[PDB]
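**Q** Residues 1 to 370, 372 to 500 (the deposited numbering) are what the sequence shown spells out, left to right.
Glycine residues also receive a C-beta, built at the ideal position from the N, C-alpha and C atoms.
Below is a structure I'd like to ask you about.
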Amino acid sequence: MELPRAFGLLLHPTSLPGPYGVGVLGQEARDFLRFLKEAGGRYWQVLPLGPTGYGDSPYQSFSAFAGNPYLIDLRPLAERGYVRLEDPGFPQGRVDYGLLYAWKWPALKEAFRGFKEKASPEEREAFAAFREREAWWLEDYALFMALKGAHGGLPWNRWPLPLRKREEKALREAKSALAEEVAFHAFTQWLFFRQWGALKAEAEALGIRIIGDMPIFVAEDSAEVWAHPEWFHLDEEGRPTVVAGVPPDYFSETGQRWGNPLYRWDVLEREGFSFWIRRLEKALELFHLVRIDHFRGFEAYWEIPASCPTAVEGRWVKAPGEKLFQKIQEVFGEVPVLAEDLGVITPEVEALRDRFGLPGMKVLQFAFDXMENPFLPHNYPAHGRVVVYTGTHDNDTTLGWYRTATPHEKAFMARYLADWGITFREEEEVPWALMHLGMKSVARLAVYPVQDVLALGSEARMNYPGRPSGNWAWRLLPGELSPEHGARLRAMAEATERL
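Laid out in structure tokens, this is it:
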């Protein structure tokens with residue numbers, strides 16, 4: 001792809017302001033695009049947009065194709081008279097997922113019954129046309145979700161055998177018995193993609209490009225895994241025999257055990273890689289660029305045995321990334337894909353990343369704990386084909402990171418900033434200082450989390466890997482991201498040839 005000198009902002013839609021407990025795809029989503037555009041930004045980065053389960057994690061989704069029903073704006077539904085909206089008293093600046101689960105799900109089911117009652121026949125036909133078009137994933141997803149309501153919320157590999165093993169009869173039966181619930185689930189998707197679609201056109205008109213996020217491994221308890229068990233390393237009970245993650249590290253004694261099911265790469269290859277083709281086609285329908293997390297996993301992955309509680313035990317296994325990407329380029333003609341190449345990177349990963357022209361990432365928060374550090378701007382690629390962040394959604398906010406930074410990191414940070422003419426007076430100025438450094442760098446694309454723009458502390462951290470609760474809940478306050486914040490970003494971009 002072509003990456004011009006620009007800046008953008010990272011903001012998961014759940015973090016948008018507005019009523020009813022969670023950011024949605026309506027007015028405030030548009031207001032934020034307007035803000036971005038007037039600030040000179042050309043990129044909006046979001047996290048995966050699928051339905052969430054236990055933990056509320058976008059990275060542990062019930063489906064690789066579906067959209068998050070929590071993101072649906074209920075306001076258009078109320079106007080059409082499908083539902084009456086009663087706000088139960090949501091808190092400010094955070095998603096109370098418990099209340100959202102207890103309130104938003106019923107409200108959606110209400111809107112569906114109300115839709116069936118009053119919707120015009122053209123609305124019903126378009127909905128039905130959507131179901132026919134998206135059928136190759138939707139039928140499994142919608143049945144998957146309905147099956148949870150018939151089975152106490154159990155994961156697919158815990159449902160009765162006939163349903164777990166996907167017998168034709170059991171399936172056809174279940175689909176008949178759960179007809180209405182199956183349709184409700186499909187109705188959430190119809191709404192999601194039409195709403196996302198309208199938002200994507202708004203960004204397009206405003207000249208903003210949306211960077212999507214595609215995890216390499218999908219979730220154990222998900223419709224696609226349930227529908228293609230042969231593609232993953234599962235036992236006959238449908239349970240992972242080995243799981244994903246990363247081995248012991250400099251930054252992690254035990255490493256991280258993700259729990260994701262691992263692909264049977266050889267079986268995907270003989271089959272033709274349709275899963276990947278499908279995922280990319282789909283991502284490109286929603287986004288202009290897509291970031292693939294754990295990119296190095298296309299070359300080799302850490303195979304953790306299921307019966308091991310950490311990441312300490314395991315083995316590296318090669319993956320046919322070279323073959324997959326040659327197939328992708330042959331079939332798509334272009335990989336508008338960004339690579340997440342953090343952690344320990346071998347020359348085999350770099351070769352493969354560079355072989356396909358994929359820009360990697362740089363994280364400033366990791367640049368000061370040691372001049373040779375690759376996260377320092379003077380060590381960036383001569384031509385700047387990289388994305389620089391202060392920190393991602395997995396890191397603390399820059400201010401938060403700085404308050405707990407070691408004495409040697411702070412001292413070197415300040416000496417390095419001065420070498421670039423950047424100085425600061427108070428620790429609260431550190432986010433902007435590092436953003437300026439990133440904008441002054443050769444990195445074609447500087448993308449910053451909105452929390453750094455507001456210089457927020459640790460309370461506004463989005464994900465703390467390792468903590469099981471409290472994540473993905475940060476939300477902006479109405480009018481918190483002000484016009485002055487915009488003009489300030491504009492000037493920085495103007496001053497650094499990013500406009």
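Can you give me the C-alpha to C-alpha distance between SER442 and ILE210, rounded to a whole angstrom?
**A** Each residue's Cα considered, the two are about 22 Å apart.
**Q** Between the C-alpha atoms of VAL24 and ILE208, what's the straight-line distance to the nearest angstrom?
**A** Roughly 18 Å between the two C-alpha positions.
**Q** Identify every run of the alpha helix (DSSP H) within the region 147-204, keeping only runs that are complete inside it and at least 4 residues long; order them along the chain.
**A** Listed in chain order, the complete alpha helix (DSSP H) runs (minimum 4 residues) inside the region 147-204 are 161-164, 168-177.
**Q** Name the two residues that bound the continuous beta strand (DSSP E) containing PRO106.
**A** It is not in any beta strand (DSSP E) - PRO106 instead sits in the alpha helix (DSSP H) that spans 97-118.
**Q** Counting only the same chain and skipping the five closest in sequence on each side, list residues whose C-beta sits under 6 Å from that of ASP369.
**A** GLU410
**Q** Compare the C-alpha of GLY50 against each of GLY67, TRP44, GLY40 and name the closest.
**A** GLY67
**Q** On the three-state DSSP scale, how would you describe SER470?
**A** coil
**Q** Contact check, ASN157 vs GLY238 under 8 Å by CB: the rounded distance?
**A** 3 Å
**Q** What does the alpha-carbon distance come out to for the pair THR405 and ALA415?
**A** 15 Å
**Q** Can you name the start and end residues of the alpha helix (DSSP H) that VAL335 belongs to?
**A** Element bounds for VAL335: n/a, residue is neither H nor E.
**Q** What does DSSP give as the partner residues of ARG94 in its beta bridges?
**A** BP columns for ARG94 point to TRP475.
**Q** Once DSSP output is grouped into helix, strand and coil, what is the label at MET214?
**A** strand
**Q** Judging by CA-CA distance, which residue of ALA444, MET440, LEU435 is the nearest neighbour of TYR381?
**A** Minimum Cα distance to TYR381 is reached at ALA444.
**Q** Could you tell me whether the Cβ atoms of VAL83 and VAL22 are closer together than 7 Å?
**A** no
**Q** For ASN260, which three-state DSSP category applies?
**A** strand
**Q** Note down the Cα distance separating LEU108 from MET372, rounded to an integer number of angstroms.
**A** 54 Å
**Q** How about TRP302 and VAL246: do their beta carbons lie closer than 7 Å?
**A** Yes, the pair counts as a contact, with Cβ atoms nearer than the cut-off.
**Q** If you draw a straight line from the alpha carbon of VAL337 to that of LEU163, how long is it in whole angstroms?
**A** 37 Å
**Q** In terms of residues, what are the limits of the alpha helix (DSSP H) holding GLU303?
**A** Element bounds for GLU303: not the alpha helix (DSSP H) but the beta strand (DSSP E), 300-305.
**Q** Given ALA227, which residues of its chain have a CB within under 6 Å of its CB, disregarding the five upstream and five downstream residues?
**A** For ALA227, where only same-chain residues beyond five positions count, the Cβ hits under 6 Å are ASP140.
**Q** In whole angstroms, what separates the C-alpha of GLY53 from that of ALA223?
**A** 13 Å
**Q** Does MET361 come out as helix, strand or coil in the three-state DSSP assignment?
**A** Reduced to three states, the DSSP call for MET361 is strand.
**Q** Measure the alpha-carbon distance for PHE112 versus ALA419 and round it to whole angstroms.
**A** Each residue's Cα considered, the two are about 59 Å apart.
**Q** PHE251 to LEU10, Cα distance in whole Å?
**A** 24 Å
**Q** Write down the C-beta distance between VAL182 and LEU143 rounded to the nearest angstrom, noting that I regard them as a contact closer than 8 Å.
**A** 6 Å
**Q** Do you know how far the Cα of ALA311 is from the Cα of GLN256?
**A** C-alpha separation (whole angstroms): 6 Å.
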